[PDB]
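To keep things clear, I will list the structure first and then write my remarks on it.
There are 2 protein chains.
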Amino acid sequence: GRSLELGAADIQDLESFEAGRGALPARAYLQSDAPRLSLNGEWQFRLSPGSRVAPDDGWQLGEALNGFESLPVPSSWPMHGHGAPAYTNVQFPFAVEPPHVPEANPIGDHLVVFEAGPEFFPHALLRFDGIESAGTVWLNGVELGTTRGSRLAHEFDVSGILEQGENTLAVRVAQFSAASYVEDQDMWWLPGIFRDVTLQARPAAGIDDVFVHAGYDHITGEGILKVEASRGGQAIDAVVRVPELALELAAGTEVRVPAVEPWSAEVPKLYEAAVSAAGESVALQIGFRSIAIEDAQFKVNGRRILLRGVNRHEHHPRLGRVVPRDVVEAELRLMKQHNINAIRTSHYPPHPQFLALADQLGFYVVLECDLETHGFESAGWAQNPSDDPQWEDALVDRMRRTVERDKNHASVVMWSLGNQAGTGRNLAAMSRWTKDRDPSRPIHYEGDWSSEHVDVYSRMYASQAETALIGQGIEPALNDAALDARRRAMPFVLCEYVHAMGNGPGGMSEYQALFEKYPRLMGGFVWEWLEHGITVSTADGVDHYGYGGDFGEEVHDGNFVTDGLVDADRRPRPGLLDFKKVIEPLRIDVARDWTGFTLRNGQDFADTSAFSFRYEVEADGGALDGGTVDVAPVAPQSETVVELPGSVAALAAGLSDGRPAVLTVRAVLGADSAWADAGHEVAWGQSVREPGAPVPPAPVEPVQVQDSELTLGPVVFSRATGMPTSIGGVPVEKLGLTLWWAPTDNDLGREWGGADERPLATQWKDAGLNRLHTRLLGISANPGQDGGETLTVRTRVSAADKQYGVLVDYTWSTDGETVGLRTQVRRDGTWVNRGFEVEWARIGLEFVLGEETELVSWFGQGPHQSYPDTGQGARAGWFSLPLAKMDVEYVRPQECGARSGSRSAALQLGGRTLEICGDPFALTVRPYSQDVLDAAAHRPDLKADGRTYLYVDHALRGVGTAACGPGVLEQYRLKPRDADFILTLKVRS
Amino acid sequence: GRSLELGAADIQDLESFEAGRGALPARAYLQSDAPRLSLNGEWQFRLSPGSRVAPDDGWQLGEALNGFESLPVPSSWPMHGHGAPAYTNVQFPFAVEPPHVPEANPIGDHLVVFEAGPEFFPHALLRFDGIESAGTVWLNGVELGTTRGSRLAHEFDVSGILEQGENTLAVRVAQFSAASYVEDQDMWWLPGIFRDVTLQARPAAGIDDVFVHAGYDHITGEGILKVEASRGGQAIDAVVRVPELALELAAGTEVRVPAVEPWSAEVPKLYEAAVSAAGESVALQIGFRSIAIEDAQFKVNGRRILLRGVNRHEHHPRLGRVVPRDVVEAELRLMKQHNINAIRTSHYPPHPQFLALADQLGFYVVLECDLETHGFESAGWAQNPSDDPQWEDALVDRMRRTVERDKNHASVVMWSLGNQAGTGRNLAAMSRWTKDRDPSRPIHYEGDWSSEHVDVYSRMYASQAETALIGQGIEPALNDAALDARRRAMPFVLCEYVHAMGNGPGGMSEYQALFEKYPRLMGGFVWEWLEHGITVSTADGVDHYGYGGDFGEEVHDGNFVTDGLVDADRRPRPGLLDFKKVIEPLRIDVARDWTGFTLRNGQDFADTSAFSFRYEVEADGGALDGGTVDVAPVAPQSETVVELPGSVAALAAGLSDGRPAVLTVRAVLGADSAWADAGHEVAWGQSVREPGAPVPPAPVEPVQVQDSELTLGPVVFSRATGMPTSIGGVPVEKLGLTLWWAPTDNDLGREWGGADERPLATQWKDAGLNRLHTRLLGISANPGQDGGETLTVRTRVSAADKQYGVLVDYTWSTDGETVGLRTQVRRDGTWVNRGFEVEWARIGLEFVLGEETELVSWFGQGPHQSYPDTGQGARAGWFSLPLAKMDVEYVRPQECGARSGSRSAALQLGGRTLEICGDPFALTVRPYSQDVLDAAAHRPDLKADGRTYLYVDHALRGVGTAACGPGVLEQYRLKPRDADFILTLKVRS
Ligand SMILES: OC[C@H]1O[C@@H](O[C@H]2[C@H](O)[C@@H](O)[C@H](O)O[C@@H]2CO)[C@H](O)[C@@H](O)[C@H]1O
Ligand SMILES: OC[C@H]1O[C@@H](O)[C@H](O)[C@@H](O)[C@H]1O
Ligand SMILES: OC[C@H]1O[C@@H](O)[C@H](O)[C@@H](O)[C@H]1O
Ligand SMILES: OC[C@H]1O[C@@H](O)[C@H](O)[C@@H](O)[C@H]1O
Ligand code: NA
Ligand code: NA
Ligand code: NA
Ligand code: NA
Ligand code: NA
Ligand code: NA
Ligand code: NA
Ligand code: NA
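These protein sequences, in sequence, are chains A and A'. A prime marks a further copy of an entry chain.
The authors' numbering puts the first sequence at residues 22 to 1010.
The authors' numbering puts the second sequence at residues 22 to 1010.
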């Protein structure tokens, strides 16, 4: 019988295994003097829910358009009300049956009219720098071809189709195609024409492609230069001029430049150059650098380098995959400002303009092909395109287009085949093609741990332990002896580590120490630079970020796309402030006696001449002394001891005993750089003179006894509960032990190994730690001093249906002015539940006060939060913040804002000030409870209730990176234990 | 130092291990001619949140009451706005640290004033029939004592405290006490004075206690009677008169009555008797029956009996543990009306009035002591009161009070020590005490499987398989040979089985067949008789039942308290209608040729004389013939063949081929009984003449082809989807394959064994069965008949991120009037996910129609729902119900309402009628979707949306009892398979 289904031809094309058709050969993105017209601007746009209903009503001609409306191009069209963004991590949002597409497949028809002057005749082309995921292109009704590879460029010859004067460009874009099966990155699904559309003239006697080869001989200091140039795939006569180096040479010939200044992330020297034929001239920036693997080390210009990296996705909270150039420039500057020297273009090539910026500002770039088949893993990689011969031409095309576009840029030091694509024949074909085309850059691919077709050994989230074994070259052998010998001769990189989701990442210091210790370790790139939050508005008008599930998705992965060091608007998370310190390229170790500091230059090429070294002594009453010291330039990987001026040490010796003072030595930029202004801080170190342990008040005040209340100086206790009801007129609504915090994203992840793979958050829930109850055992007053007395309140804390508990005794004392509080915790019974030992989040106290707090001040670490395995960037000092600024605006609210290492604190409750001192404690202050914080899925869910929630912790657990990778390291875990700790409280009015 | 805590003495008493103090000896509940005054009525009531704040302001005197308000007594005070009900199953709602109580412990002070006339002097007492959980009692300010054992009676001597005229009774009731640790039944926590308070005169020369011994000699037919009577614990002279039996005997002497009619559940003969002393007379109902264990069988009056039981809690949706007498009488009648003959007073003694009702209506009762320590299990039974010597006197007291109150009632055939209390020394002490006090009744206790201190082997939810092994006496041996020999000589009872929560219970038939086959098997009691729903009202005014979590509980167990055969208002669930049939005490097997039926009397004592045997033949057009047949009385456990009148068979032979007709034979009550009216149906059986397989219409109509639509007779298809868009003018919004249903309570429970302990609901979720997607592969028309043609639509069904699917082909045909639909399902790829084979709920079609349905009619099984392992009570016939009555009002909405075995159906959509015929299918019709049904937590969440959701299933899974006990039995599971099935559709206007 005859077929009756609609749209079968459009679908057959969408299900095609082949690369796009009709396109010109893949080439570099080149700055040319050839006439060009950007077609970016307001286009017309019509959306159809599938191919079988996509009109074939002659719309490509642009006449009588039924159903079209304005839409900007470039755009991600779900960012403008056409459908909605959808987020999955691994899972595909359609049935997995390659190459077939779902019936529900948004089809976006795009149309623009433009004018072509005589500059574009006879020869011109149209260039598309990105279409997600399948484009069909018509000009004046003539089909030019199709596009596959959503983050790759395509060019179409319009010679003889372009007409002088008015032209009509039509583009039909399907969201889903066969290509969606190889584009399963962890990120928002976002169809659209999301990068530039450009009309370019191709004058006769021009230059189609250029391949810059600029090597460096670190022994002689010579440059090795060869600039290839071709037209229609054939080498051509062109002249290469490099004025700064007094060079004029033919394209195609290799020359030795007697002396060049080499390119690196640290010193990104670029030489302006032009290669020109009679009809066209291309402008280049040349950076001389050679990449080599030697002695299981990754070396640039003869030196092993340390990669201080991030994984950079392209995302904008309002424009989707369209990242405006000012945002790119700003965020790259922000990276440099936080000591980052390396970028991985996770997991596709960036906008083509990114490359010159990376060359100029100075990043080591891992340029990664647009390939990811992650969603096939859950079926044992059955049907994985990476090993399906039918996909070979498509996957080689992706790699070719990746390599050809960006091959001229000194910042690209590695090519990556893709990400999470399994192992297979087509990856090997992509590697072979790349090695043959460009042997000057090592190949990276983490998916095949045997490393058969790569030049570096790459892993993601390997533990600190396993990294140390790899750093020593003693990891376990591959079964294949030949492959094992190859892999052991390779240097090692963490292409993703210390997953930066929510509160965290913990354990960054432990990785860094290994990076510094073992040459084989190349460093690592944090997952990831940014959170992919998408801005959402309410009638109230407040903005908050949305994540998976906030846009109607049938299947999604929640907030796992908000997992970055900065939010979608590039506002730093605390983890970035900590990261900056962890990777700081100079180490400053200030001497205890304040006579000087040790300075190690951790850079690979530059000396310390770019830095001004500054000291300041701060005390309770502000700065006491400061200035600048002269440091003879210290060579890379060398060390010296710098003397501080004698006045500094004399100041230290003069300090009254127990008077706190902090000496800070800082390395700042001596002059404006391309990425920050003079005075910008790069590295720092401190020495602290600690305040004495606070003296307990003499217990000279007696306890008044009344029917329902007890008074001990400024504290009033409920006789029924034994807990304070006010202190110095400040109402206390509750006081109790805390063992729990509102789970972080990490606490919601499974820690693998052991028989227990409940997330820590679930272990806590099962154990009842979020719902502690207190039983009063007794209240007793005891002889103090000179008629005074102490008050002891004996309690037991546990939870419904549990037999384990802790005995908590509070001992109060007062001389009338200061209140002394001693807390003793003792385990009662075995803290085991569901067959596994219960771990605690904390050993602390929660004070719930019946008034709001306007200001929080403290002496300790800051200004930002710190937990046991974080806070590297929190320095010692005196800090003061309004209550709102004590919080951290994670998209999904969670435990955050603790200030570990606090020696004193002051809360301002209107006209009263509550002071807390004692041996070091963590400080947290919130206008809402832990139960409201845990329940809240988005920041608007957090409502202040008129109270102050004050947390004083004697011990905290670490935060780890268990959402993906290692959990809390052993030294930072918190198993049930006995404890005791002392505090002092005072209210001033 | 000196103590300052408040309320320490009240708390010390609450934490006491001892039974109550001050009470009179435990005795029977006896009907006496002694003056009595019920103090039930409106009392005054004040609530305090804990003992440390409970005022000691002299309120016991009743003068100047500060803070008291009216409250009825008896009451569960959280049922009247004082606090709230709270539901936990196993978990305790307080920290487990016996004997200690939480600080948050509702204290309810109760006060009443009453008048005592000279009838109550010199001697009187106050009787309390239940206080949850700890009472302290004052009369005119004089403390009488305390109460422990919340469902047990306590009596206090008021002689010399009661004053003539006005008296003031004060009762302080704590919700929680040490006793809460032994009262952890799965049920609502409900403090209050929840049963009668009675002032009773104790005239001199009276009778305090009576112990009736009324045995039966089934060989001679003699009664063996001895009636003990005592005053102050000493036997006394009393006269026992039994007029009906011409007896006058002294209390304390055993006599042989020459002939008595024995008592049983079937024939609950009772003889009125009075035992009287000079000062007092007690009225008894005596039932002569002896209980004996012989040949591993539980026998009454010389015969092994079959228990057809339920577990009966005491609950009322508005009054809590207060069950009004009219509700008791009504529900016991409803039980008899559903063939129930046995009750287990789960898990405490009932109201004392229950016992006479059970004697009179006729139930075999397992009278169970108020003891349950279930919450200690999760700690390995550490600190279990059942094995703690400090709790021995408290636990023996509970058993003593249980036994003494109810020992005179013939309906009590077993004493139970308690429930879910572990094993231990104090249970053994309770058993020893009981055996010594009353050797006439076997002891039951499931908690100790070794059965060391019991006389029957009791289990709960043993599988059908394990029950069959136990029935054959081949279960595995106990390690202790002596205990194994004892246990193998015991009969076996399921004290709880076929958990009746939500849709279900499945697998009842398989248990019953074993009960009938194996004498050792005593039968079983369903868990449980009623749902504990608590009525909740909204401003709208609709009522719905609340369950755990609906009342603010910090910890709770959700709808696990709504797990019954009837709802809280005693409205039957379908499971009750099925249960009634499963346990029917006569079996009627109607002959295929309609000449007669086989009749087996399944009763243990009665013959069939109480029944009238009626036949009716029904056809499409109603009743055709009917009448009554005379059956010579058939003895218990005998069998006969009854001839039907010749006209019946002649009617069968005369039927036109393929014309449906149902012969039903019924056993109804020939006369009013005490529990139902004449004509009440007890047993039934059917023989069906099936309609022919419906003829497929001749495919003589062609398919019209248009741009966006196809027409094939009355069906209009969307050319883009291939699915029907209307049939005979009825709009079709969607048509697709179904494999999933909204999980039942059972589907949410874990099926133990295997490596997969995900609940089936979770397996489905993980597999994507709730979110199927369909891809169109092709649409084709093919040669039919006489220019007609068939239309085939080829699809594939799968779900996002899955590689497995099914190929579904629809083949449509029409002669213009009827529509023929053939559906073919074929597995594509292996249906495995997370390492385990995916199971299906169904193989069906969902039609979503764009109009509402008012009426649903069908020929099949009904009227109520039926699933493969249920529907025993759905009989063959013609049924017709409004749409709302097709649903089942489970408290948590869930899959329900399917009518399996349907041969034809008619949906009325206004003025059009949609008819569906074909080989047997299940029918379901709803005004809302499956996703709305699954999301709904309470019935108000179900909103109609203007559509009709029609489900036609070719195969269904069973429902099992996996919420607690066996899941779906193997024969009723539904693994992925290929399938094909035919339907016919027709619309009449
Ligand atoms: O934010 C996650 C991050 O993960 C990398 O790979 C992870 C993956 O997230 C996780 O789902 C799987 O279980 O483990 C992998 C590594 O162990 C991805 O490469 C990255 O793009 C992100 O998706
Ligand atoms: O000032 C030293 C600099 O070294 C670069 O390699 C790095 O990218 C910069 O962020 C900064 O740390
Ligand atoms: O390439 C081999 C590797 O493949 C990964 O996908 C897998 O998680 C590792 O266990 C390792 O076997
Ligand atoms: O009494 C012994 C029994 O105790 C139960 O609590 C337990 O679940 C059974 O496995 C059996 O060992
Ligand atoms: Na994805
Ligand atoms: Na992510
Ligand atoms: Na918290
Ligand atoms: Na939260
Ligand atoms: Na309970
Ligand atoms: Na229950
Ligand atoms: Na359903
Ligand atoms: Na539901």
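Beta carbons are placed, not taken as given, at the ideal position from N, Cα and C, and that holds for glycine.
Requested in this report: For A/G932, I'd like the list of residues in its chain whose CB is within less than 8 Å of its CB, leaving aside the five on either flank, ordered along the chain.
Outcome: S1010
**Report entry** DSSP-derived helix/strand/coil call for A'/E176
**Finding:** strand
Query raised in the report: Buried or exposed: A/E711, going by 16 or more other Cβ atoms within 10 Å of its Cβ?
Result: exposed
Query - Neighbourhood of A/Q533 by C-beta, 8 Å cutoff - its chain only, sequence neighbours within 5 removed - result: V603 and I604
Query raised in the report: Taking 7 Å as the cut-off, does the CB of A/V547 come closer than this to any heavy atom belonging to ligand 6?
Result: no
**Report entry** Residues with C-beta closer than 6 Å to any heavy atom of ligand 8, in chain order
**Finding:** A/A763, A/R913, A/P914, A/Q915, A/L954, A/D955 and A/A957
Report task. State the Cα-Cα distance for the pair A'/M100 and A'/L340, rounded to the nearest angstrom. Result -> 6 Å
Query raised in the report: Would you call the region 923–941 of chain A' and the region 697–717 of chain A' touching, i.e. three or more CB-CB distances under 8 Å?
Result: yes
Query raised in the report: What residues in its chain sit with their C-beta under 8 Å from that of A'/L266, if we drop five residues either side in the sequence?
Result: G244, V278, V281 and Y292
Query raised in the report: Can you tell me where the alpha helix (DSSP H) with A'/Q784 in it begins and where it stops?
Result: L781 to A788
Requested in this report: Check the Cβ of A/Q112 against every Cβ in chain A' and list those closer than 8 Å, keeping chain order.
Outcome: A821 and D822
Query raised in the report: CA-CA distance, A/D505 and A/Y478?
Result: 11 Å
Query raised in the report: How about residue 13 of chain A': is its C-beta nearer than 8 Å to some C-beta of chain A?
Result: The structure shown has nothing for residue 13 of chain A', since chain A' only spans 22 to 1010.
Query raised in the report: Mapping DSSP to helix, strand and coil, what is A/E398?
Result: helix
Query raised in the report: Quick one: what's got a C-beta closer than 8 Å to A'/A956's C-beta in the same chain, skipping five residues either side?
Result: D962
Query raised in the report: According to the neighbour-count rule (16 or more other Cβ atoms, all chains shown, within 10 Å of its Cβ), is A/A983 buried or exposed?
Result: buried
Requested in this report: Note down, in chain order, each residue of its chain lying with its Cβ closer than 6 Å to the Cβ of A'/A294, except the 5 sequence neighbours on either side.
Outcome: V263, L305 and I307
Query raised in the report: Going by the C-beta, is A/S367 closer than 7 Å to any heavy atom of ligand 1?
Result: yes
Query raised in the report: Do A/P512 and A/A317 have their C-beta atoms within less than 8 Å of each other?
Result: yes
Query raised in the report: Are the beta-carbon atoms of A'/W548 and A'/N332 separated by less than 8 Å?
Result: yes
Report task. Would you tell me roughly how many angstroms separate the C-alpha atoms of A'/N580 and A'/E910, rounded to the nearest one? Result -> 14 Å
Report task. Since I believe A/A199 is in contact with A/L392 (beta carbons under 8 Å), could you give me their beta-carbon distance rounded to a whole number of angstroms? Result -> The Cβ separation is near 13 Å, so there is no contact.
Query raised in the report: From what residue to what residue does the beta strand (DSSP E) around A'/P93 run?
Result: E90 to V94
Query - Interface positions of the region 106–130 of chain A facing chain A' (Cβ-Cβ less than 9 Å), listed along the chain - result: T109, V111, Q112, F113, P114, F115, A116, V117, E118, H121, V122, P123, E124 and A125
Query - Meets three-Cβ-pair contact criterion under 8 Å: the region 512–525 of chain A' and the region 535–549 of chain A' - result: yes
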